[PDB]
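There are 2 protein chains.
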Amino acid sequence: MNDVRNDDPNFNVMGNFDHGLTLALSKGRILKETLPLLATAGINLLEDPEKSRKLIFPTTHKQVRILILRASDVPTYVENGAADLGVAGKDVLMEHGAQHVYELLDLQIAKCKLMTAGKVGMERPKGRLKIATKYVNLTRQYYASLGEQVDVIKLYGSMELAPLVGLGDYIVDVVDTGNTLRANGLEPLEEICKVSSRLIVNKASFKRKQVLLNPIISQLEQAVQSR
Amino acid sequence: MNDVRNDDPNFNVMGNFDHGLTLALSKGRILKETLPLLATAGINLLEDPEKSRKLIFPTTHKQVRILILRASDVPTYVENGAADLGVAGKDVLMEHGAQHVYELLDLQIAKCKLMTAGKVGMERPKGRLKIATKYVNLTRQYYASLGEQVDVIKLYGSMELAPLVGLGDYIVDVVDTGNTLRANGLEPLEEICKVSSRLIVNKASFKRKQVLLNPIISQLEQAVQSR
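Heads up: the sequence lines are chains A and B, in that order. With the authors' numbering applied, the first sequence covers 1 to 227. With the authors' numbering applied, the second sequence covers 1 to 227.
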């Protein structure tokens with residue numbers, strides 16, 4: 001009837017296989033820093049997603065639905081065109097791989113550095129180094145950069161915990177300030193590369209839904225005044 | 001040879017490389033159902049770990065510290081002897097396929113069935129089926145059992161979401177009641193195996209710290225209404 005792109009009724013206005021627009025967001029501190037930029041494109045959630053039973057959220061904009069995903073899955077969904085576009089840390093994107101996707105924007109949010117780390121005042125142990133990390137490939141590639149080989153240990157949860165209980169000799173995680181690190185008696189060591197949230201678009205979706213995407217991108221671009 | 005074993009100091013003792021005992025627990029519905037049985041063995045936390053900034057919890061026993069891990073990491077820690085023993089879903093244990101570990105106890109808690117699932121009135125697709133799943137190997141092995149080969153899509157988070165947004169043809173997840181499934185218009189389909197939380201012990205840890213372990217195991221065994 002009205003088709004006002006202001007969709008205020010929450011608990012409603014959510015069709016499935018949306019051939020409007022499907023946005024995949026990394027839950028947690030990325031989301032917090034993401035929404036401000038979405039805010040300044042007239043795109044906002046309509047309940048606390050943390051306190052919501054929904055898996056698919058409708059938004060203030062009627063042509064846009066949101067997924068709150070584990071960071072690792074965001075590129076997975078967009079790669080496959082489940083999601084038309086998404087917001088993922090460069091760390092995740094680089095580790096996961098960039099396939100059927102365009103990386104359109106450095107959003108300059110959830111900015112941090114992929115770093116090695118150890119127990120404060122630690123002595124490099126002797127054999128193959130044991131490295132606890134979510135970012136296996138990136139760690140494997142980074143020590144390959146230094147012509148070293150390492151034993152990797154894949155972790156999904158707290159990387160902070162590993163070295164305290166003597167799981168890793170070292171860890172590789174993303175580091176904002178490394179205050180949390182110091183507070184748990186750890187130290188950031190070697191910067192592997194800089195990291196920030198990046199906007200990605202399924203290549204197909206990008207060709208197909210150009211009408212919807214252009215304006216949103218434009219507004220997101222402007223929301224970042226990094227000039 | 002000291003005699004004190006009890007400890008009510010919370011935010012105390014704990015510390016690093018405990019050559020007492022290190023217990024790795026899964027963080028979800030498992031934990032809730034786990035602690036009662038630990039209670040029975042005189043092993044209990046002394047604060048809400050959910051509301052604690054602490055990473056390593058001390059317990060009622062001075063010889064026992066606790067880690068609350070993502071289910072996926074528990075076998076990782078015990079495999080490596082970071083943790084002396086742990087509690088993980090058979091699903092995770094089978095998928096991870098840990099090495100240096102004894103599976104000593106079916107705790108018959110967080111019981112459920114690893115199942116395939118589809119959209120309500122799903123259409124058998126054509127060609128090689130896309131399966132969204134956390135449990136890649138177990139899915140790969142299970143369709144290998146039926147002599148079919150499938151395209152797997154690894155997920156870390158909610159597998160429930162995939163088919164709604166048309167990611168998978170089907171999904172493989174654990175199904176305790178599968179109410180959540182029916183709620184967003186999905187169906188349980190088949191049964192790949194039955195699943196429950198299991199107690200696991202690093203083989204080395206078992207040899208070395210047998211004096212501490214035997215008592216706990218014994219009491220945990222009995223706490224499952226053993227006959």
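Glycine is no exception: its CB is placed at the ideal position from the N, C-alpha and C atoms.
Of the residues the options, which one's Cα is nearest the Cα of residue i?
i, options, result
"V78 of chain A", "A:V201, A:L37 and A:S218", "A:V201"
"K134 of chain A", "A:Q63, A:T116 and A:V165", "A:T116"
"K119 of chain A", "A:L164, A:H96 and A:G157", "A:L164"
"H61 of chain A", "A:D73, A:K27, A:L23 and A:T180", "A:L23"
"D84 of chain B", "B:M94, B:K130, B:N2 and B:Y102", "B:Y102"
"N2 of chain B", "B:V224, B:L105, B:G20 and B:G185", "B:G20"
"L45 of chain B", "B:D169, B:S196, B:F11 and B:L199", "B:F11"
"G121 of chain B", "B:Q99, B:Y156, B:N184 and B:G127", "B:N184"
"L199 of chain B", "B:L186, B:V174 and B:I30", "B:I30"
"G89 of chain A", "A:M14, A:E191 and A:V74", "A:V74"
"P125 of chain A", "A:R65, A:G168 and A:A204", "A:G168"
"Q99 of chain B", "B:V92, B:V174 and B:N80", "B:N80"
"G166 of chain A", "B:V4, B:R5 and B:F17", "B:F17"
"residue 231 of chain A", "A:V172, A:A204 and A:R208", "Lying outside 1 to 227, the shown extent of chain A, residue 231 of chain A is not represented and no answer is given."
"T59 of chain B", "B:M14, B:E33, B:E50 and B:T76", "B:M14"
"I153 of chain A", "B:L189, B:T76 and B:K203", "B:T76"
"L35 of chain A", "A:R53, A:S226 and A:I109", "A:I109"
"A204 of chain A", "A:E123, A:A82 and A:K54", "A:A82"
"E123 of chain A", "A:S226, A:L189, A:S52 and A:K51", "A:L189"
Looking at the unbroken beta strand (DSSP E) that takes in residue i, where does it start and where does it end?
i, result
"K134 of chain A", "Run containing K134 of chain A: none; DSSP gives neither H nor E here."
"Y102 of chain B", "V101 to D106"
"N202 of chain A", "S197 to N202"
"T180 of chain B", "Not the beta strand (DSSP E): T180 of chain B falls in the alpha helix (DSSP H), residues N179 to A183."
"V87 of chain B", "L85 to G89"
"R29 of chain B", "Run containing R29 of chain B: none in the beta strand (DSSP E); it sits in the alpha helix (DSSP H), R29 to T40."
"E79 of chain B", "Run containing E79 of chain B: none in the beta strand (DSSP E); it sits in the alpha helix (DSSP H), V74 to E79."
"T22 of chain A", "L21 to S26"
"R53 of chain A", "First-last for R53 of chain A: undefined, no H or E at that position."
"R65 of chain A", "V64 to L69"
"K154 of chain B", "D151 to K154"
"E187 of chain B", "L186 to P188"
"residue 229 of chain A", "No statement about residue 229 of chain A is possible, as the shown extent of chain A runs from 1 to 227 and does not include it."
From which residue to which residue does the alpha helix (DSSP H) around residue i run?
i, result
"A117 of chain A", "Unbroken run through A117 of chain A is the beta strand (DSSP E), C112 to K119; no alpha helix (DSSP H)."
"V211 of chain A", "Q210 to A223"
Around the C-beta of residue i, are 16 or more other C-beta atoms found within 10 angstroms, so that it is buried, or is it exposed?
i, result
"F206 of chain B", "buried"
"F57 of chain B", "buried"
"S145 of chain B", "exposed"
"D151 of chain A", "exposed"
"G157 of chain A", "buried"
"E160 of chain B", "buried"
"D48 of chain B", "exposed"
"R65 of chain B", "buried"
Can you find the residues in the same chain that come closer than 6 Å, C-beta to C-beta, to residue i, ignoring five residues on each side of it along the sequence?
i, result
"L212 of chain B", "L21 and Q63"
"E95 of chain A", "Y135, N137 and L138"
"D8 of chain A", "none"
"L67 of chain A", "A24"
"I192 of chain A", "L114 and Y142"
"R227 of chain B", "none"
"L69 of chain B", "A24"
"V174 of chain A", "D91, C112, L114 and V195"
"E33 of chain A", "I109 and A110"
Report all residues from its chain with a CB closer than 8 Å to the CB of residue i; omit the five preceding and five following residues, and keep chain order.
i, result
"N214 of chain A", "none"
"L129 of chain A", "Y143, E148, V150, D151, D169 and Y170"
"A71 of chain B", "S26, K27, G28, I30, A88, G89 and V92"
"residue 228 of chain B", "Here chain B comprises residues numbered 1 to 227, so residue 228 of chain B is not present and cannot be evaluated."
"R140 of chain B", "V150 and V152"
"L55 of chain B", "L67"
Below 7 Å CB to CB, which residues in the same chain sit around residue i once its five sequence neighbours on both sides are set aside?
i, result
"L155 of chain A", "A132, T133, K134 and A162"
"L107 of chain B", "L37, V87, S196, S197, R198, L199 and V224"
"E187 of chain A", "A117, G118, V120 and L181"
"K209 of chain B", "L21 and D84"
"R5 of chain A", "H61, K62 and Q63"
(message) Assess contact between the segment 28-42 of chain A and the segment 212-221 of chain A, defined as three or more Cβ pairs (one per stretch) separated by less than 8 Å. Is contact present?
(response) In short, these stretches touch, since the Cβ pair count reaches three.
(message) Three or more C-beta pairs under 8 Å: does that hold for the segment 173-190 of chain A against the segment 107-114 of chain A?
(response) Two segments are said to touch when three or more pairs of C-beta atoms, one from each, lie closer than 8 Å; by this definition the segment 173-190 of chain A touches the segment 107-114 of chain A.
(message) Output needed in chain order: residues of the segment 66-86 of chain A with a Cβ under 8 Å from some Cβ in chain C.
(response) Structure shown: chain C not included; protein chains present are A and B.
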